[PDB]
Every structure is written in structure tokens, then in C-alpha cells.
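As C-alpha cells, one chain now follows by itself in the form deposited in one PDB entry.
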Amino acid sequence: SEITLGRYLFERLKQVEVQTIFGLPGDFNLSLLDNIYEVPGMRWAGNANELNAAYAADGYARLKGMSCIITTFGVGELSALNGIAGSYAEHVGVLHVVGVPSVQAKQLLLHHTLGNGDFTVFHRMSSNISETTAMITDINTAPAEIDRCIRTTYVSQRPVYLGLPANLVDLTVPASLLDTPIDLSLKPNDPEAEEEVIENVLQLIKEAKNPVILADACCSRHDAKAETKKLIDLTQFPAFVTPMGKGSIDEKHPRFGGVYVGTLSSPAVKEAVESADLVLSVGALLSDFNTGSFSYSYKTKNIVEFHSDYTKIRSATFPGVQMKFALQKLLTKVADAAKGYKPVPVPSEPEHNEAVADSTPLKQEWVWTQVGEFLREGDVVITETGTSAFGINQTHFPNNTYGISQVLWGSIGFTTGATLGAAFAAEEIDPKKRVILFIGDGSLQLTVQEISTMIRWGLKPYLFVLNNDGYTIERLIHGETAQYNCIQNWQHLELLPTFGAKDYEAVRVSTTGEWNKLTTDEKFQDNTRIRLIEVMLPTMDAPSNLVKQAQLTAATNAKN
């Protein structure tokens, strides 16, 4: 009893909960894609381009655990690379399958049209932004090679490149291979290295007078949210998230003290974290840097970083000591270690805006607080590079909120595709889960067509478009009135019906009363159709600590 290697791919992807496939068809993947329609519960998104496809795969992988995008040799694969790179940078498990010319390599050479002298060139380009690669050449090893690529994607949480020649996808393999699951479990830690790490961490905890816990980008990605909650529970140490970590600590926890954004933190959060004599960083990735926007660092060097891959203690690096296992062992002994601790109180924010007149023009500082009233448990909140990403750091999340904000890679446009991916993933998880996008008017332009694919599948995101007449975040750094910071004015309300939407809402809000009227309405709160909310904001308006920091950078002689 045999199945094609093509069918085998998708049956595997199904076993690991990948149901939606991203990409575009082309010369070398059409017979491959035919298998999707024969695998119960698999679908093909039908993306509007390959870059967006990759962004969407990234968004889907963030919620579901991994994802698969399929492109074609040359034109499709090169179009996806920025998506793939951002997934690599932010540790998101994206399987990138590339249909290539059939396997004296006459067919590859006739089809290979770059006119360089090398048909491996695209593979070699992808290698730079891939955990591993594979180019399948042999039917007899192909099943194992695909299993390895899927396992690696999942376990390492980084992109994997899989080249599938057209002629191999049609060859058959025994169906019975599917009856043995892909091993998705992490390799155990080294008992001796782990034990050393744990002993040192316990000793540092015993010795600290003002320890804090800092959840970062990989806390949730590597399945350590529970472990982290437990760490806060057993220690009672003040707990904070970085902007990439937001949602990884349920924010109603009594010990949750807010988001640490460096010099952009509230004064109290800044003092709370920067006064710490020990930092336990869980899922660390965002570890210390500089940007023309914000200066993230000024703490102690007494840090313990549980990275997914290794652990760092002050200066020492214990390679191969993995976060989740290392945390679990630490939990068996951490209550004792922290037994000597008197609970320093945590920073708090005002929970609501002050009441103002309904006529009041919308401003960002007000908006970001007010979003807190609309959010609910189970929401997915996506924020684009630009003022949105900075603004969301002040917003109060309910319990069980999944944040997506691409703080490290910072590719504007990402979020329209990420919204698509997340919405597919969220519908598979719970049809009641809402996906809420905040995207700038500038960023929207780069990837706007992926709205079309949301309509195509009857997906129901809230698309809050922030209309401030261009690239405000860039205006604040340089060229406040430069033509390169301006954009063509689009009719945002007309986007949905221009892409064929029949069942949608498109509304513009310019005031506090308008915002409230829309967002407190019970019908709007139900995820019943796709909606675009156009939010009219002043061009130089931005979250306050950002504005203050912009005035700082501009005053100082410190530079690049």
C-alpha cells in the first residue's frame, strides 16, 4: 500500500497540526499541491504574493507551533526571503518547501536561467537564514529527510529549507511509514551540565536581595509559559516582560510589574528592574542593545539567561542546557532557595483613562490605554513596527493574551501577512478567538494585498489602521517634513470591498466618543465578519515616553 512522496509530506504536516499551507503555485510545485485537497482538513491559503505568504507562515507558526510555506524555484523562493529571515531572527519554526526542477543534470541546467554558473545558488542563499537545509535526490531516503526537516523546524524553532524535485514528488513510498510518529521531543539535557547550571542558579538566588524575573521572546515559543508562571509563584520575585515577551506572563498576576522597555519604561518599572541585584531572564533573545529609537539595557551583569538552546550565567555559557528542562529542574528546588525572600511590592499603572468629552480628538497615549477596555481573554494582539509597536507596551492585557510584535527583525508590512497566518491558526484553535491588528498606514502599503486572502477564507480579523499621514516613527527620528517620510493617501475604507469583501465593516474613528461608541458595542465585540477601523491621528502624535526619548536623542552628542 503506497502513497506519493507528495501525499506523504502533507500527511506528516497534518500529524504535527499544520492544516493551512502558504505560498503560491508555480512551474515545479503544481502536482505537489494536488495532494492538499486529498488530505482531510488540509487547505491551501492561496496567497497574493510570496513575501506575504512567508509573513503569514510566520504568524501561523507562532500560534500553532510550526508552519509550511511552498514556493517555486528562483522567482518564488527569492520573493520569500525577507519573511524567512525574520523568522530566523525571531526563532519562529517555518518549513520552507521549494519545488525544484526534476532530477548529468540536464533538466536542472536547462531550467536554471539566472545565467550565473551555478544552480545551487538559491539553496545556498537560503542556507544563511535556515537552521538546516535539504535537497531531496533519492526516493529511498526522502521520507527520513522530510521527517528530519519537520522535526528540526519544530524543535529548533527556526526555518528549514526543503528542496523537492518535481519528479520525486510523484514517486511512491509505503504508507506504513506514517504509522510511526515523527519524534518531536527535545533531546534530554546533559545531566552533569544541567546540574552545574542549577547549583549555580540556586546559589545566586539564595544570595540575592532584590531578584527579578524577566520573560522574553522565547518564553512562549519554547513552551515555557507554565514553567515561568511557576517560577514566579514559587519565588514571589517581581516579574516583568520585554516587548517581545508580552503575553507570556499573564498580566493579572499579583507579582507582574509591567513591561521593561529600557529608557522607554515607566520610571517605576525602570527603577524596579535596574535596581535588581539578580535578573532571571527566561527565553532570552532580546539581550541588550541600541536602536535610533530606544536604548534597551542598563541593568546588572548578574544575569541568568535561560536561552532555548543553552544557558548563560554572568559570563559563563553552558551550551546545550535547554530552557524548558533546565527550568523544570530548577523548580524542584527553587522554593527553598527563595525561602529567605521578603516581597518588594511591584509597579502598577492606572487601569483606565480619565473620562473626557466625546468630542475629544484621539491621541496615541489615550488610545493605547483605552485598547485595554476592548481586549478579552484568548485574544491575539498583533502590532506593527512603528508607533503601534511602542504604544502596545502601555496597554493592559487580560489573562491568556497572545502578543505578536516583531521587535528584533522589525520588517514593516510583516503584520498584514502575520494577521492572515494567525487568523487561520486561531480559527483552528477556537473559532471564538479574536485576532486584533494594529498597523500603521505606511506599513499597510507594503503588504496590503494579503487582506484579499483573509476575505477569500472568510476570516474575521479586526484591522485597526493608524492614519497619521505617513511614517511617524521615522519623522520622530529624522526628516520630520521630508518627502520620503510621506505616503500616497489611500482610501482605507474602500480596501475591503475593492478586494471583493461582501460581508464586512469599514469604519473611521476620529474621536474618543467615536472610538467608545464602536468598541463598547456588543455586536462589534463579536468576531462575526472582517472589519477595518481607520483611526485618525495627528502626524507627529506618538506614545509619550517615545516622544520624550526622541527629544533626548536629539539633545545629546552621543551618536553613531
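If you superpose the two forms and keep the largest set of C-alpha atoms that fall within 1.5 Å, you have the rigid core. Residue indices: 1-based, along the sequence shown.
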**Request:** Would you please confirm whether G115 lacks atomic coordinates in a third or more of the other entries that were compared?
**Result:** yes
**Asked** Checking the other PDB entries with both flanking residues built, is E450 absent in a third or more?
**Response** no
**Request:** Could you bin the unmodelled part of the deposited chain lying between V103 and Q104 as none, 1 to 3, 4 to 9, or 10 or more?
**Result:** 1 to 3
**Request:** Using the B-factors recorded in the PDB entry, average over the C-alpha atoms of 83 to 91 and of 426 to 434, then report which stretch comes out higher.
**Result:** 426 to 434
**Request:** Name the higher of the two by mean Cα B-factor in the PDB entry, 504 to 512 versus 52 to 60.
**Result:** 504 to 512
**Asked** Per the entry, which of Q483, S388, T71, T263 tops the list for Cα B factor?
**Response** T263
**Request:** Quick one: which of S185, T153, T133, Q236 shows the highest Cα temperature factor in the PDB entry?
**Result:** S185
**Prompt:** Sorting the chain's CA B-factors, does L330 end up in the lowest, middle or highest third?
**Reply:** middle
**Fill in**
On the chain's distribution of Cα B-factors, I21 falls within the third called lowest
**Request:** Comparing against every modelled residue in the chain, figure out the third that the C-alpha B-factor of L13 lands in (lowest, middle or highest).
**Result:** lowest
**Complete:** Split the chain's modelled residues into thirds by Cα B-factor; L109 lands in the highest
**Prompt:** Ranked by Cα temperature factor within the chain, is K229 in the lowest third, the middle third or the highest third?
**Reply:** middle
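Omitted from view is the form deposited in another entry, to which the following refers.
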**Prompt:** Which one of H123, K433, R158, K299 is the only residue whose C-alpha moves by 2 Å or more between the shown form and the other one, after superposing on the core?
**Reply:** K299
**Prompt:** Cα of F289 displaced 2 Å or more between the shown form and the other one, core superposed?
**Reply:** yes
**Item:** Core-aligned C-alpha movement of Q19 between the shown form and the other one, 2 Å or more
**Value:** no
**Asked** By the 2 angstroms cut-off, has the C-alpha of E377 moved between the shown form and the other one once the rigid core is superposed?
**Response** no
**Complete:** Evidently the Cα separation of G386 and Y296 changes by 3 Å or more in the other entry, so the atoms lie farther
**Asked** Your call: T71 and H112 CA atoms, closer or farther in the other entry versus the shown structure, by 3 Å or more?
**Response** closer
